[PDB]
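Letters A, B, ... are given to chains in the order of the sequence lines, protein chains preceding strands, and every chain is numbered from 1.
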Amino acid sequence: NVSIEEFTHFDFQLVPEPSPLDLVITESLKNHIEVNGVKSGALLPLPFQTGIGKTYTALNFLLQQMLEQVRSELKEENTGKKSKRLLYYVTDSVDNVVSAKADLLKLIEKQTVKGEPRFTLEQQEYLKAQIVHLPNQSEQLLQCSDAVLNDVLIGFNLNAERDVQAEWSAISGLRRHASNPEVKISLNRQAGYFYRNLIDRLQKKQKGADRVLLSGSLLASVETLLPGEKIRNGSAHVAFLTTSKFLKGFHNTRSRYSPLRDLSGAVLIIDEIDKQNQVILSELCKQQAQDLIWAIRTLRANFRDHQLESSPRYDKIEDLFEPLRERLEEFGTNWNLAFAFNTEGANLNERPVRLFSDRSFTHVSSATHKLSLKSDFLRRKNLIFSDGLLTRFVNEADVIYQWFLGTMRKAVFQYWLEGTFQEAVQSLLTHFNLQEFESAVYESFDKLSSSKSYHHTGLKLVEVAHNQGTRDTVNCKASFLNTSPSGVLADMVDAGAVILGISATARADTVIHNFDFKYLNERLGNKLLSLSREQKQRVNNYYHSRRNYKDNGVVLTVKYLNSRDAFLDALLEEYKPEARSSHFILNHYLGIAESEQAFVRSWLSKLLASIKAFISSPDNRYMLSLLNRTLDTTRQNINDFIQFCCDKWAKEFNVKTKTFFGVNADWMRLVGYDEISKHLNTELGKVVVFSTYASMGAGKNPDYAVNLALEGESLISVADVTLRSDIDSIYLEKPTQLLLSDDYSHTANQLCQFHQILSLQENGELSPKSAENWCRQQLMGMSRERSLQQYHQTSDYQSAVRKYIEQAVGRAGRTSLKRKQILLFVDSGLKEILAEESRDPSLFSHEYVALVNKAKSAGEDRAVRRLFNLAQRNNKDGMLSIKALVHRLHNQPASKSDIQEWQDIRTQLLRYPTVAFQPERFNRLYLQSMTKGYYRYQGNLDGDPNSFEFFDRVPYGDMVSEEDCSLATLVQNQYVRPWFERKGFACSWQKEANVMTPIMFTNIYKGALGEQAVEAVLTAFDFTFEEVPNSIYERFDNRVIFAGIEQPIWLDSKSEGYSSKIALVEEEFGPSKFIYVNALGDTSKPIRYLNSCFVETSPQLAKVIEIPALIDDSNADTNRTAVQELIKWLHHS
DNA sequence: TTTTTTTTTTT
């Protein structure tokens, strides 16, 4: 049993000669400390090519962090404030996790410095005990010996519980042979369930006072059965687990530990970082849907009178719930939640109603009519009938439900960091009689005045259908995405985790196959690290040193292959000489229907051309064909034709060619890939392998062991400082199914499909018009071929294509022994896409540089297109948000938050009409214009927000500029200017890129300017202004009180609607004197006196005075006559 | 119109 004292004389300053990659990581994490501070989290994308020491670099970094923990615990043992810093290595696949853990242990055992072993054997045994691996519960159980499990059963005294013994004995007997695959499946399921039950029980006995003292052999048994217990005990602090397991958490003897809730100080290495976007998304898609009607009715019913203890452990918690209770009661009153809900009229059973919302501005309903919601009081029910109100009810219910979950999170934190979590949740839920929401709270744990983004608002999909078993009651089954994977990653960085994301394509410019790095840059700022120009040059030099193709005479040959229908026809005729025609051959022997013949001829021609060019090559021996489909038994007819062509060219060129059709993932499971390696090692001749992009994923190592007898003189080492070799010829078909679509069960709601459309709209890849059309077509059912057609129009699609190609040649370049000639055969459809690659080539692989250079040899701005789309989106969001805010203000009473939002928006626009940088907390009041300080547009501000256009696409259109609001005239007034300078309002528009959107300029900025000018002039003339109260807010601008007059005065600053207004005001406040005034205009225009009906009358009988101009537009001079005559009219009261 | 194969974990 080793101990920490083994490193007492260990030299922590002796480290191996660091590679430039290690130096780059160390330097970048050093500047992180300087710029962001010690406690700050970070994200460091590392575009390292795999096969040039990526795994060694990551694991060596992991080993260094293990040493610094030992060093700290030696030097600071007397401090007592022990902080066992957690290190994680996560990746998507189980095989890569296990392989990396094995490689770390091997690195510990066999690392040397200066020719001497790095660690003594006791030191090695100490480090290897700090490392833990956390598989799924089934495999965790099946790893354990019967001795260990019997020990933990006896020590916790479950060895007397009949069900436990029966289940364990059944599992052991099943495990006794377990050779058959279905036996393995059954054993897996049984082991998972039994492990769940056993941990549930032992957590029970450890929770109560009957604490079993773990020590020695029993302690080791538990630590083997529960590897997470070592982390809780402080005995281990390095974990190897998958992304799915990381998101779900792992058990110890107390409870389940969620790494996401305790990310402060953690260092997290994520292999294939961009792949984890899709994995995290798949985990977020799997949440359980919830009926909103039932949820809101339960919340309203239980919060009506149930209350908590009023003890010191519940301080300030009821105050967290007080707003939610008020909202629940008002909601239940407005929508009459005493009654249940049902549909009326149109056959709901014929087709259910589906509603989609992004919670901000993209709303789509499957019903062709606008469904409304009526509370019948005779038939006491709420009826959903087709004449909207149903979407309003659903949106409000969703808001209240999410509010309840967020308030529960806040109450859990107020109650307290993670051992207290379960107790807090159970105490709060049991005090309120809300135990039915326990699972929802457990899963859920992980506005114009704010930063708005899809990535932290997500989406909602609501399905309205009849309840199960009833034909007269309807439920609202809602499934949510509360955040995108980018939001989760940014949350981890903000929680304090240092994330080291390693992938050759870590910064691919796609939001479908990678995180949104525009959003991550906005949200993390400079906590999103980036290796610099000099660092990238050093890494490029290091990669060149290890892959010196040019000095060693290795030649990369790239050929783009078009379709070869004539040559394919010749081969087809030779394959079946007695058949009449080639199309007949395809239709009959190959099985290609006439509809698919044009495509199958298109792709089989290029593949066979590549194979012929490979076999005709003299000394190449290893060809990998990467297609989109597996050539297996389901395509056996096509294989035979390919096999015939291979045999023909083998006879013609006198080289035997072994073909490996259908190397599937399950094939590589049952029949290992080393069969190809063994054949290349022992048999003379060429090899052709037929795989797919999805089959040859990360971690599949395709190199083979070199046998110098068979290789000839073709191989040559390219490394400067030095036997295996790799692929020498590759065929790259154009990747096809590039929208994420998992076929299995949890994707039945198509939530992952709306996520992609909303991500593309967020990025600026789609206009809001296209995004909303695509969302509508998705809701009403959509062919994958049509969704894929929609996706193909983006530039995100092309970035994803290049990402797929860049990894294919990266995974096949894993050794330093190369042929004198490497053949790259590319589908011609990739030539246009690869020609458009324009990023910095410093970290590209040599094969990818060759592909791009060949594509460019035969030869639209994306940021501009993004600017147009984002201008439209920022306008549309402001357009819909203002209408909702105005609607809520006009629904009296107006809540405090709505008034605060209105004033905050107006104040922000007044102080900052333009901003130099992209704002954080008011980002969607503005748009980034192509011309600084001004822009043009064209669209109906009262009409459709999708039908807006913008910069030079509309050269003759309405201008948004400082001139068009006459701000310069406004400030030249002698009274307005001191008011503006004291209030901090802008006297002029800065020439900046971000200018306010057309909706803000027309509907808010101009009105705020007018109101501020009026209040500026009148305040200098003994007028006192009071706040309009919430009963009739936004009907009139200001309460006015003048010295010597006690009749209440009402102000409007810019006829039957106005009649409704003046009646509504005088109903509450009695007769009052009203002012209608425009701040700017012609002072020579006569002043009007109107009655309650806006009819001209005598000044003494008039109730409303209309001043056509308060300040002269010609020279900013105050209309003194108007003010004096208004004062005289006030004195006539 | 475009034209598929892969995966983890708890339940």
Side-chain angles (χ1 to χ4, degrees), chain A residues 90-98 134-141 188-197 199-200 241-251 256 258 272 275-288 439 442-443 513 592-593 595-604 626-632 634-635 638 662-669 690-700 733-747 752 774 777 782-793 797 800-801 804 807-808 827 829:
Chain A
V90 315
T91 173
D92 49 298
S93 58
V94 175
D95 291 56
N96 293 355
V97 174
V98 173
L134 299 149
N136 47 314
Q137 289 172 346
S138 167
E139 176 68 19
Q140 178 53 36
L141 191 77
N188 284 346
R189 176 146 48 237
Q190 266 218 35
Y193 279 105
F194 174 78
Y195 190 98
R196 194 245 270 160
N197 291 345
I199 312 325
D200 159 10
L241 74 172
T242 59
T243 313
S244 176
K245 186 79 181 190
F246 184 89
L247 295 173
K248 269 159 170 152
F250 45 86
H251 279 304
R256 204 168 187 109
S258 288
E272 296 85 39
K275 174 68 167 179
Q276 308 313 307
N277 178 81
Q278 178 238 301
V279 179
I280 291 168
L281 174 67
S282 81
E283 291 312 298
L284 295 171
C285 172
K286 285 167 197 171
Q287 325 281 62
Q288 209 202 331
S439 56
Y442 283 154
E443 306 179 25
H513 296 278
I592 309 303
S595 55
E596 306 199 324
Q597 280 204 10
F599 174 56
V600 173
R601 287 171 65 81
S602 75
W603 68 256
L604 193 50
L626 282 169
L627 308 183
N628 295 286
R629 64 217 56 91
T630 46
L631 298 191
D632 54 355
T634 67
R635 285 171 240 263
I638 324 183
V663 293
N664 196 286
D666 55 17
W667 181 93
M668 270 166 327
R669 275 187 268 276
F690 297 96
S691 219
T692 70
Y693 293 101
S695 65
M696 294 304 266
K700 253 69 83 170
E733 204 192 325
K734 186 184 179 187
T736 44
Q737 302 261 253
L738 287 198
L739 277 183
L740 311 179
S741 283
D742 277 9
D743 36 12
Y744 50 106
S745 76
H746 78 99
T747 66
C752 295
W774 191 356
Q777 291 161 353
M782 202 186 192
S783 171
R784 261 207 63 76
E785 337 292 351
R786 219 158 84 242
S787 308
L788 223 40
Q789 168 183 33
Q790 294 282 288
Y791 184 43
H792 290 9
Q793 299 163 357
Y797 164 81
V801 168
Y804 267 58
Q807 288 202 304
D827 189 350

Indicate, with a heavy-atom threshold strictly under 4.0 Å, whether [X] touches base, sugar-phosphate, or nothing.
X	answer
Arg601(A)	nothing
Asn664(A)	sugar-phosphate
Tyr693(A)	nothing
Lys245(A)	sugar-phosphate
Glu596(A)	nothing
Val94(A)	sugar-phosphate
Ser741(A)	base

Q: Sign of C1'-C2'-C3'-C4' decides it: give me the sugar pucker of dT6(B), north or south.
A: north
Q: For residues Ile638(A) and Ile592(A), determine if any side-chain heavy atom of one lies less than 4.5 Å from a side-chain heavy atom of the other.
A: yes
Q | Under the side chain to side chain contact (heavy atoms under 4.5 Å, CB included) test, residues paired with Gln287(A) that sit two or more places apart | A | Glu443(A)
Q. Mind checking what makes ring pair (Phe, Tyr, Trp, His ring centres under 6.0 Å) contact with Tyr791(A), not counting sequence neighbours?
A. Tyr797(A)
(Q) Once ring pair (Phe, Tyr, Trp, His ring centres under 6.0 Å) is applied, do any residues pair with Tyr804(A), and if so which ones, sequence neighbours excluded? (A) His513(A)
Q.
Check for me whether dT8(B) stacks on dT7(B) (ring centroids under 5.5 Å, interplanar angle under 30°).
A. no
(Q) Can you list everything that forms a salt bridge (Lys or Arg N to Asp or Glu O under 4.0 Å) with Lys248(A)? Sequence neighbours excluded, please. (A) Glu283(A)
Q: Would you please name every residue forming a salt bridge (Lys or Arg N to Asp or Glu O under 4.0 Å) with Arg635(A), sequence neighbours left out?
A: none
Q | Nucleotide range of DNA chain B lying under 4.0 Å from chain A heavy atoms | A | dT1(B) to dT11(B)
Q) Taking for each residue the nucleotide of DNA chain B bearing the nearest heavy atom, is the 5' side occupied by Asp92(A) or by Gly192(A)? A) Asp92(A)
